>>> print(open('coords-v1.txt').read())   # compact mmCIF, C-alpha atoms
# COMPACT_ATOMS: atom_id res chain seq x y z
CA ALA A 168 95.18 95.88 96.17
CA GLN A 169 95.66 98.16 93.16
CA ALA A 170 94.15 98.24 89.66
CA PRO A 193 79.55 106.62 93.14
CA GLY A 194 81.12 106.27 89.69
CA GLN A 195 80.33 109.87 88.76
CA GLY A 196 82.65 111.56 86.22
CA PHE A 197 83.92 114.85 87.61
CA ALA A 198 86.94 115.90 85.59
CA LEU A 199 88.97 115.35 82.42
CA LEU A 200 92.55 114.04 82.32
CA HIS A 201 94.78 115.25 79.45
CA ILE A 202 98.15 113.76 78.55
CA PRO A 203 99.15 115.61 75.34
CA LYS A 204 102.23 113.49 74.61
CA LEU A 205 100.09 110.34 74.57
CA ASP A 206 97.08 111.88 72.74
CA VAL A 207 94.97 111.00 75.75
CA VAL A 208 91.80 112.79 76.85
CA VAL A 209 89.74 110.78 79.31
CA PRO A 210 87.17 111.40 82.03
CA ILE A 211 87.97 110.82 85.70
CA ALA A 212 85.25 109.26 87.84
CA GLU A 213 85.01 108.64 91.58
CA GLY A 214 86.09 105.13 92.60
CA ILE A 215 87.96 102.41 90.73
CA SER A 216 85.18 99.93 90.02
CA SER A 217 85.86 97.88 86.89
CA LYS A 218 82.21 97.64 85.90
CA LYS A 219 81.24 101.25 86.61
CA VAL A 220 84.46 103.10 85.80
CA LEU A 221 87.48 101.39 84.16
CA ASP A 222 85.42 99.18 81.83
CA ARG A 223 83.51 102.31 80.84
CA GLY A 224 86.69 103.75 79.36
CA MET A 225 87.27 106.13 82.28
CA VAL A 226 90.10 106.49 84.76
CA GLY A 227 89.26 106.13 88.43
CA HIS A 228 90.09 108.19 91.48
CA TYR A 229 90.98 105.93 94.43
CA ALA A 230 88.12 106.69 96.83
CA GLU A 231 87.18 103.67 98.97
CA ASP A 232 88.43 101.08 101.48
CA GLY A 233 90.95 103.41 103.13
CA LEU A 234 92.59 104.15 99.77
CA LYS A 235 90.90 107.53 99.38
CA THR A 236 93.40 110.11 98.20
CA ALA A 237 93.44 113.91 98.21
CA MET A 238 91.82 116.00 95.46
CA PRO A 239 94.00 118.30 93.35
CA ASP A 240 92.53 121.43 94.94
CA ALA A 241 94.09 120.46 98.31
CA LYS A 242 97.23 122.48 99.05
CA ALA A 243 98.97 119.19 99.71
CA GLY A 244 98.21 115.60 98.87
CA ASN A 245 98.54 112.79 96.36
CA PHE A 246 95.81 112.58 93.69
CA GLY A 247 95.72 108.86 92.84
CA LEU A 248 94.30 107.45 89.59
CA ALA A 249 93.93 104.02 87.98
CA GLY A 250 93.39 103.24 84.30
CA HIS A 251 93.41 100.29 81.90
CA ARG A 252 96.60 99.33 80.09
CA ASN A 253 94.97 97.34 77.28
CA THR A 254 91.19 97.64 76.78
CA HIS A 255 88.37 100.18 76.66
CA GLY A 256 90.31 103.05 75.15
CA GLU A 257 93.44 101.95 77.05
CA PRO A 258 94.18 105.39 78.49
CA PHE A 259 97.37 104.31 80.36
CA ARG A 260 98.78 101.94 77.76
CA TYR A 261 101.83 104.16 77.12
CA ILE A 262 102.38 106.05 80.38
CA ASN A 263 105.82 104.40 80.44
CA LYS A 264 106.73 106.69 77.53
CA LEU A 265 106.42 109.76 79.73
CA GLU A 266 109.70 111.56 80.49
CA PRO A 267 110.51 114.05 83.27
CA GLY A 268 108.78 117.34 82.50
CA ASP A 269 105.98 115.92 80.33
CA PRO A 270 102.70 117.60 81.31
CA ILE A 271 99.68 115.82 82.76
CA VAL A 272 96.63 118.04 83.05
CA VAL A 273 93.54 117.64 85.23
CA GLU A 274 90.65 119.81 84.05
CA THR A 275 87.82 120.48 86.50
CA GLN A 276 84.76 122.72 86.29
CA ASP A 277 86.68 125.58 87.87
CA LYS A 278 90.41 124.97 87.32
CA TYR A 279 93.21 123.46 85.29
CA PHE A 280 95.78 121.54 87.36
CA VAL A 281 99.05 121.11 85.49
CA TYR A 282 101.39 118.38 86.69
CA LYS A 283 104.73 117.35 85.22
CA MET A 284 106.02 113.77 85.20
CA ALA A 285 108.72 113.29 87.83
CA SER A 286 109.27 109.63 88.65
CA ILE A 287 108.47 106.12 87.45
CA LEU A 288 108.25 102.68 89.07
CA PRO A 289 107.89 100.34 86.08
CA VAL A 290 107.14 97.11 88.01
CA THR A 291 105.68 96.51 91.50
CA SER A 292 103.37 94.18 93.41
CA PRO A 293 99.63 94.93 93.13
CA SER A 294 99.58 94.87 96.96
CA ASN A 295 101.95 97.85 97.13
CA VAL A 296 99.39 100.50 98.04
CA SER A 297 101.96 102.79 99.69
CA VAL A 298 102.56 104.33 96.25
CA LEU A 299 99.26 106.15 96.96
CA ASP A 300 100.42 107.61 100.33
CA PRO A 301 100.25 111.42 100.71
CA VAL A 302 104.04 111.36 100.20
CA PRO A 303 104.18 108.32 97.90
CA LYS A 304 106.62 105.59 98.87
CA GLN A 305 109.34 104.83 96.32
CA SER A 306 108.67 108.08 94.41
CA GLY A 307 111.77 109.84 95.73
CA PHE A 308 109.65 112.78 96.91
CA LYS A 309 111.21 114.08 100.13
CA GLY A 310 108.27 115.74 101.88
CA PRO A 311 104.75 117.11 101.52
CA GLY A 312 103.78 118.49 98.13
CA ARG A 313 101.01 118.34 95.53
CA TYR A 314 101.33 115.11 93.59
CA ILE A 315 99.61 112.84 91.14
CA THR A 316 99.93 109.07 90.86
CA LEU A 317 98.96 107.03 87.79
CA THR A 318 98.62 103.24 88.20
CA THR A 319 98.06 100.57 85.55
CA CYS A 320 98.80 96.89 84.90
CA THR A 321 102.03 95.42 83.52
CA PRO A 322 103.11 93.64 81.43
CA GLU A 323 100.57 94.28 78.68
CA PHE A 324 97.50 92.02 78.47
CA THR A 325 98.20 90.80 82.02
CA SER A 326 97.43 91.97 85.56
CA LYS A 327 100.50 90.36 87.11
CA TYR A 328 102.24 93.51 88.27
CA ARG A 329 101.55 97.22 88.40
CA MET A 330 103.30 100.20 86.78
CA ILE A 331 103.32 103.54 88.60
CA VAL A 332 104.02 107.03 87.22
CA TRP A 333 104.26 110.12 89.53
CA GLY A 334 104.08 113.85 88.77
CA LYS A 335 104.31 117.17 90.66
CA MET A 336 102.02 120.17 90.31
CA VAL A 337 103.47 123.20 88.53
CA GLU A 338 100.37 125.35 87.84
CA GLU A 339 96.91 125.84 89.34
CA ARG A 340 95.01 127.82 86.73
CA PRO A 341 91.51 129.34 86.99
CA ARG A 342 89.29 128.32 84.11
CA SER A 343 88.64 132.01 83.43
CA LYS A 344 92.25 132.26 82.27
CA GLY A 345 91.74 129.74 79.45
CA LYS A 346 93.79 126.63 78.69
CA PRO A 347 97.30 126.31 80.10
CA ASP A 348 100.24 126.25 77.66
CA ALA A 349 100.36 122.46 77.97
CA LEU A 350 97.02 122.06 76.16
CA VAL A 351 97.83 124.30 73.18
>>> encode(input="coords-v1.txt", output="structure tokens")
Amino acid sequence: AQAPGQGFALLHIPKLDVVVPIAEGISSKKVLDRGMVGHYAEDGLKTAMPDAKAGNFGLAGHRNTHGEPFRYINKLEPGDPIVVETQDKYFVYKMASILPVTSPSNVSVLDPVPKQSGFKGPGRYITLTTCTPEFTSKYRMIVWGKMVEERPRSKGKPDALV
């Protein structure tokens, strides 16, 4: 279904005024209810990290409580930047595709080449998953992006964060 606990990066979505830590795993108690977004990491759902030259970096966040980081990801439009900041790099993605409603059992949206995204082959992707409609957990909403810049921290913030 969709939805250690150690925070290892920061997710920035400038259009949504979102800055939020990413932790390993999608536990409600240890991660999402702590106001963080979670990297799918267990039960066969483990996805690639952004530093991999190909893969799908999958993340889950709350729609409606604890800082509600993904409450408005349906307001993203093609080209809107999504930035993952790590100790060593900035990974800049741009929004590419949206699946506004799907079954919580539809885990194939986290595949290396995510099903239903319209992506044709291997690339470097990000997947954001949250609940829909608001204040329920009936369905899931999925937003996908594609990497456009891998930037060493020594080069300062990417344009997207300024």
>>> atom_distance(input="coords-v1.txt", atom1="atom CA of residue 254 of chain A", atom2="atom CA of residue 276 of chain A")
27.6 Å
>>> residues_around(input="coords-v1.txt", residues="segment 222-234 of chain A", least_positions_apart="3", cutoff="6 Å", atoms="all atoms listed in the file", output="mmCIF file with C-alpha atoms, in the coordinates of the input")
data_model
loop_
_atom_site.group_PDB
_atom_site.id
_atom_site.type_symbol
_atom_site.label_atom_id
_atom_site.label_comp_id
_atom_site.auth_asym_id
_atom_site.auth_seq_id
_atom_site.Cartn_x
_atom_site.Cartn_y
_atom_site.Cartn_z
ATOM 1 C CA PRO A 210 87.170 111.400 82.030
ATOM 2 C CA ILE A 211 87.970 110.820 85.700
ATOM 3 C CA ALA A 212 85.250 109.260 87.840
ATOM 4 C CA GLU A 213 85.010 108.640 91.580
ATOM 5 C CA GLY A 214 86.090 105.130 92.600
ATOM 6 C CA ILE A 215 87.960 102.410 90.730
ATOM 7 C CA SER A 217 85.860 97.880 86.890
ATOM 8 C CA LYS A 218 82.210 97.640 85.900
ATOM 9 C CA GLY A 247 95.720 108.860 92.840
ATOM 10 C CA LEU A 248 94.300 107.450 89.590
ATOM 11 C CA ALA A 249 93.930 104.020 87.980
ATOM 12 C CA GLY A 250 93.390 103.240 84.300
ATOM 13 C CA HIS A 255 88.370 100.180 76.660
ATOM 14 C CA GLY A 256 90.310 103.050 75.150
#
>>> closest_residue(input="coords-v1.txt", among="A:320, A:168, A:238, A:332", to="residue 273 of chain A", atoms="all atoms listed in the file")
A:238
>>> atom_distance(input="coords-v1.txt", atom1="atom CA of residue 274 of chain A", atom2="atom CA of residue 208 of chain A")
10.1 Å
>>> atom_distance(input="coords-v1.txt", atom1="atom CA of residue 194 of chain A", atom2="atom CA of residue 258 of chain A")
17.2 Å
>>> closest_residue(input="coords-v1.txt", among="A:220, A:315, A:350, A:207", to="residue 195 of chain A", atoms="all atoms listed in the file")
A:220
>>> residues_near_point(input="coords-v1.txt", point="(101.5, 118.8, 87.6)", cutoff="12 Å", atoms="only C-alpha atoms", output="ChimeraX atom specification")
/A:200-202,239-240,245-246,267-274,279-285,312-316,333-340,347,349
>>> axis_aligned_box(input="coords-v1.txt", around="segment 268-274 of chain A", padding_each_side="5 Å", output="lines of an AutoDock Vina configuration file")
center_x = 99.7
center_y = 117.8
center_z = 82.8
size_x = 28.1
size_y = 14.0
size_z = 14.9
>>> closest_residue(input="coords-v1.txt", among="A:278, A:235, A:257, A:263", to="residue 198 of chain A", atoms="only C-alpha atoms")
A:278
>>> closest_residue(input="coords-v1.txt", among="A:301, A:204, A:221, A:216", to="residue 242 of chain A", atoms="all atoms listed in the file")
A:301
>>> residues_around(input="coords-v1.txt", residues="residue 205 of chain A", least_positions_apart="6", cutoff="9 Å", atoms="all atoms listed in the file", output="MDAnalysis selection string")
chainID A and resid 258:259 261:262 264:265
>>> residues_around(input="coords-v1.txt", residues="residue 300 of chain A", least_positions_apart="3", cutoff="8 Å", atoms="only C-alpha atoms", output="list in words")
residues 236, 245, 296, 297, 303 and 304 of chain A
